[PDB]
Amino acid sequence: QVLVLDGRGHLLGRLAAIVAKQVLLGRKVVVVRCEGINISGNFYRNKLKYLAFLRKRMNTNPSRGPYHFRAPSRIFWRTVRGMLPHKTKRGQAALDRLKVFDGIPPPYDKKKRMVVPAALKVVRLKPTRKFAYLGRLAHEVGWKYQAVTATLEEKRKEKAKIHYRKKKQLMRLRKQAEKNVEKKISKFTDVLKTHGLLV
Amino acid sequence: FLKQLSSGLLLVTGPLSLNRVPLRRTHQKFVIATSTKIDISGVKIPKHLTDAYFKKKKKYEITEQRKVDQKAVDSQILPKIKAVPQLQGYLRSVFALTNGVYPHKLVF
Amino acid sequence: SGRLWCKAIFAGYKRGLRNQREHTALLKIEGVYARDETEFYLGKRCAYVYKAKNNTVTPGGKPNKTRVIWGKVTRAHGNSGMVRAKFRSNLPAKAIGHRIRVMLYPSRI
Amino acid sequence: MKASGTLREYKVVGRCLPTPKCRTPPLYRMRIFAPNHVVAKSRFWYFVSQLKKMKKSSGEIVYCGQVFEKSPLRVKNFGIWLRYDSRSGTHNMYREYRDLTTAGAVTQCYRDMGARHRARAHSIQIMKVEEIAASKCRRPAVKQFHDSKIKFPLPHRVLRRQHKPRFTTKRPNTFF
Amino acid sequence: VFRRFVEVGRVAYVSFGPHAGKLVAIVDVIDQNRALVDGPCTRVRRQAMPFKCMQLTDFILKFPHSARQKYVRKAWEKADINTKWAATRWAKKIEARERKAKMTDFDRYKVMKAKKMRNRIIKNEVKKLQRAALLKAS
RNA sequence: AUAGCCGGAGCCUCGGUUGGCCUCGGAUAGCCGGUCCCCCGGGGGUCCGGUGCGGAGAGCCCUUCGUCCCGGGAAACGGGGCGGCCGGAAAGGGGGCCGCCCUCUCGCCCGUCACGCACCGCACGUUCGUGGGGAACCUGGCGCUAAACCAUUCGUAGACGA
RNA sequence: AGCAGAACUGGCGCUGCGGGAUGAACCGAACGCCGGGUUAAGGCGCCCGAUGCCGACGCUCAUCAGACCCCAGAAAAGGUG
RNA sequence: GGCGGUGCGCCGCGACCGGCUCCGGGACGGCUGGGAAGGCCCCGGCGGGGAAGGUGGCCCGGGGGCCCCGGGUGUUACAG
């Protein structure tokens, strides 16, 4: 009932356009690993794209001007907000269903992350083109927690490896379990093959 | 399903032992028609039961004529559904839609 | 013992870009994403279930707080599995993005 | 003329109306590539009005018919001559194509010229399409397919049907 | 590296189109993104079909680059592709899909009942080996 | 620091929903899983199998009409009752393990016996739901006997507040 | 010159509607109150109804890319991109 | 109780008929160049030719070592 989308390898505008439509349909979408979001075009193109965005501020009072968010999660939150009717009541009610996170929170580390193949770099971009990581772009423009998130993301990398290697050994005993017991499960096995489930 | 009545309603009757469903009328529109068939060609439906027999008269208590006709028809059907393996468990079960199940995608 | 209706989301009214016609509702049934798969749901009865403050009667039961707006599925909309529906009374805009039920008892099978 | 869909080859003949001066005018046949025969006869009178002292009022259509491909299951090399229009000046080309049908090669010619030189179909005057042998080809793009042991893989298979599994778990595999 | 190559005589599986789900054999390559192909034994008439809707298999039957439809059928029957294709694990999981697709609601109930006790025995079997391992682990 | 914590039933109000997936990393001109014959303190290397992923999200798990007996298959380690013990810190679980005094091969799958308002064709049915909040009623146990502001004073401060 | 003065026709003035982000003159089309259907011009990644087509063929990398009449900005020349 | 008329307190359902629409599934026929192509009858049979995107066979080279990859001649040879 809650969409947990992994942001690694996902294009900024293609993911935001699909999330914005799903969020407006009453679906709670949680986007995770926003530092893995990457944008087509060379890195130097996107930097001045964001640096000239920084220059756009209110002259008389910059505190009332555009709030330039530097975190990768809030940058992705900004581009979804521009894809939504946030000036209306239903637009702001939609944005409450969106939840962005840098790295992976402990609420969402022990969960399966969904992947949008339509909003993917490997699908929508030619292999000879250039792309820019949002995580590198954020720290290079004012984000202070890239190395902070990298070590905490490093910490859960072997912690899931322990779970996965235990998971393989857990189902290695499962796959070996049929190997001793075909003589008394063939009654259930063949009817699962006539209907096409193990063939 | 037993037979088509005069007014267009369907005389439909699962066994009372399995489905807990009596000789009951049912409109054909509000019916999912599963492609699972038994051979009731050789049964003897009573001619006295009809649409006027199932018509509401005017607290409902079961008449003894209803009980006699209940076992008169079930005695012909119940041995026949036992010839098909796992058919009585199929009738005792209830139909429902779970996650990832779409009626337009599946066939029945 | 379980669900007997397909999950559908009231996406919005039949509309233009600067004109909306709130006498016809657009439905996004879960599982259908093409025009040719919308043929099964044509003619099915749709209902929007909601609850209110004052207690109203319930057919065959003790009077509850729930209320419905009955309607039917008219014809397919768009190309990506959307579909139009028409209700007796026009749906309130509070139901935008909320779950409504489409039933199967108007069956053609 | 709108180059809509695939093109069709039409064999349209015509002549002047009989006059007191001239008993029977000569008959002129052309090869016209057009979507339908209604625009083929209009295109027929366009070129005839340039070559001869002919108009549609003083002329008539004797036979308007479509000729079919004699070998549509044989892969062939087509030589196509151009008379397009640019923004500054008009130019002639010779272009090579590899297709099963003569009309398909003209269709491939119309879509290629608009892609390269941004030339519209009304600015393009086709004159001659001729079957040529493989040994007489000139453009290396066409000649690279003249191999009895041609062999190549599909390196980067761009996967389609990307939206039917709009949300999935496994990372998709672009390699087969 | 690549193991499947578009070349004269490779048996292919059609992805989409009116001839989807059938086998077909490459005769000649027409263009960069289109090839001349012929499924003489699989009800696929000689035609041009692009690389978009084909999945190329590891089956190669030899005939010249512009051989007519008679020799393609003879090479198809000599190699006997149809029997070998059904023995491929590719087609075994292809044909299981419509078995799930045509599965009746009554067939759906019997699968669910059979899946219950089949998982019961495996879980009971797995349970015996986790406890047997821990005595062997100590 | 706090003049509330644990466990029972009824009434108003707020509402949405109608089974859960408990997780490697990562590539896309490449991958996945096992054998380890090999080398060191988990990695590398080799080999074997799949690769239009079937150790597949085009997927997996549970499945519920209920009660009474009897017979067959599994099961004897197993289902369910309290205390600890540790593993959790990026926004942290009633997660697992040790022993308990009672429980049955009742759990589940096949087949027999019988029963269950059979409400006489009809709708918001069917859950998450001991849902959140609020008064009042319950029963007992466990407990706690505080601060802020005004006033006055200070002048490191000050238009008044602060 | 969004300047002044003429010829034909159409519009605004006197006129709402759909579209061009907006807009007196542009495109389509003119208006009693409604239901169903179908279109014009325009469009169909999100705002925003509609391509979530297994769309076809090619071109293009910009450290100032480009994106739709009216229309809202550009030239001569040069480039072994 | 039966017939005719009006209406059901409220919430609803179904059936058939007619009108206006959108969509689908079957079967039949005409024209062409009286279709073009294409399939079968040994390559349909016989005779005569031609080259190449060169199949056998020959030569050279390289990879294990008995098949494959290149280059050259050729005219069906064990493919066309």
Label-point gap, in nm, between D:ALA141 and D:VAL62 - each point 7 angstrom along Cα→Cβ: 4.0 nm
In whole µm²/s, the translational diffusion coefficient that Stokes-Einstein assigns to the range D:121-173, given a Kirkwood hydrodynamic radius over C-alpha pairs, 10 °C and 1.306 mPa s, equals 95 µm²/s
Please list log₁₀ I(q)/I(0) at q = 0.14 Å⁻¹ for chain B, using the Debye equation with identical point scatterers on the alpha-carbon positions. -0.67
If you line up the long axis of helix D:37-51 against the longest principal axis of chain D, both from Cα atoms, how many degrees apart are they, to the nearest 10? 60 degrees
Based on Cβ point charges of +1 for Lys and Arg and -1 for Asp and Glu, what charge dipole magnitude is obtained for the range E:21-138 about its Cα centre, in debye rounded to the nearest 20? 920 debye
Kindly express, to the nearest 10 degrees and within the range 0 to 90, the angle between helix A:12-24's C-alpha long axis and the longest C-alpha principal axis of chain A. 80 degrees
Using helices alone, what [θ] at 222 nm do you get for chain A, with -39,500 (n - 2.57) per DSSP H run of 4 or more residues, divided over all residues and rounded to the nearest 500? -16000 deg cm²/dmol
Whichever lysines have a C-alpha closer than 20 Å to that of E:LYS116, once near sequence neighbours (fewer than 8 apart) are set aside: A:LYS175, A:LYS179, A:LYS183, A:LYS184, A:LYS187, A:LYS193, E:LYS100, E:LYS127, E:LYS128
Compactness of the range A:33-154 - radius of gyration and Dmax, Cα, Å: 16.1, 48
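Which chymotrypsin sites (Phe, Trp or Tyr not before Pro) in the range E:15-99 sit in a loop by DSSP (not H, G, I, E or B) and have at most 16 other Cβ atoms within 10 Å of their own Cβ?
Answer in residue order: E:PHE16.
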Magnitude of the Cβ-charge dipole (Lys and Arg +1, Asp and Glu -1) of the range D:1-83 about the Cα centre, nearest 20 debye, reported as 240 debye
Per-residue [θ]222 nm for chain E (sum of -39500 (n - 2.57) over DSSP H runs n ≥ 4, rounded to 500): -15000 deg cm²/dmol
Ellipticity estimate at 222 nm from DSSP helix runs (n ≥ 4, -39,500 (n - 2.57)) divided over chain B, nearest 500: -7000 deg cm²/dmol
How many nm separate the modelled label positions at A:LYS87 and D:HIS91, each set 7 Å beyond the Cα in the direction of the Cβ? 4.9 nm
Once both axes come from the Cα atoms, what is the angle between helix A:146-178 and the longest principal axis of chain A, in degrees from 0 to 90, rounded to 10? 10 degrees
Over all directions, the protein assembly as shown yields a Cα convex hull whose mean projected area in nm² is 55.3 nm²
Leading residue at positive end of dipole, the range A:23-103 (Cβ point charges), from A:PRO72, A:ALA94, A:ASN38: A:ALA94
Output the Kirkwood hydrodynamic radius of chain D, Cα pairs only, in Å rounded to one decimal. 19.6 Å
What size of dipole, in debye to the nearest 20, comes out for the range A:93-199 about its Cα centre when the only charges are +1 on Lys and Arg C-beta atoms and -1 on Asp and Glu C-beta atoms? 480 debye
Dipole-positive endmost among C:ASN90, C:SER80, C:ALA8 within chain C (Cβ charges, Cα centre): C:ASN90
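So if we plug the beta-carbon distance of C:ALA47 and B:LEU78 into 1/(1 + (r/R0)^6) with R0 = 30 Å, what FRET efficiency do we get, rounded to 0.05?
0.20
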Suppose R0 equals 51 Å; then what is the FRET efficiency for A:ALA160 and C:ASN54 from their Cβ-Cβ distance, rounded to the nearest 0.05? 0.45
Could you identify which residue out of A:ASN61, A:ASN46, A:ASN180 has the top mean-square fluctuation in a GNM of chain A using Cα springs shorter than 10 Å? A:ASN180
As straight-line cross-link partners of A:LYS87, the qualifying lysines (C-alpha separation under 24 Å, not fewer than 8 residues apart within one chain) are A:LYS21, A:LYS28, A:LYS56, A:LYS99, C:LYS14, C:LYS94
Loop-resident chymotrypsin sites (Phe, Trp or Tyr not before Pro) in the range A:42-125 with no more than 11 other Cβ atoms inside 10 Å, DSSP not H/G/I/E/B, are A:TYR67
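Rounded to two decimals, what is Rg over Rh for chain C when you use alpha-carbon atoms and the Kirkwood radius?
Ratio of gyration radius to Kirkwood radius: 0.99.
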Describe numerically, in nm with one decimal, the distance between label points set 7 Å from Cα along Cα→Cβ at D:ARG161 and at D:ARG111. 2.3 nm
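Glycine also receives a Cβ, built like all others from the backbone with ideal geometry; neighbour counts cover every protein chain displayed. No lab work stands behind these numbers, since they all come straight from the coordinates.
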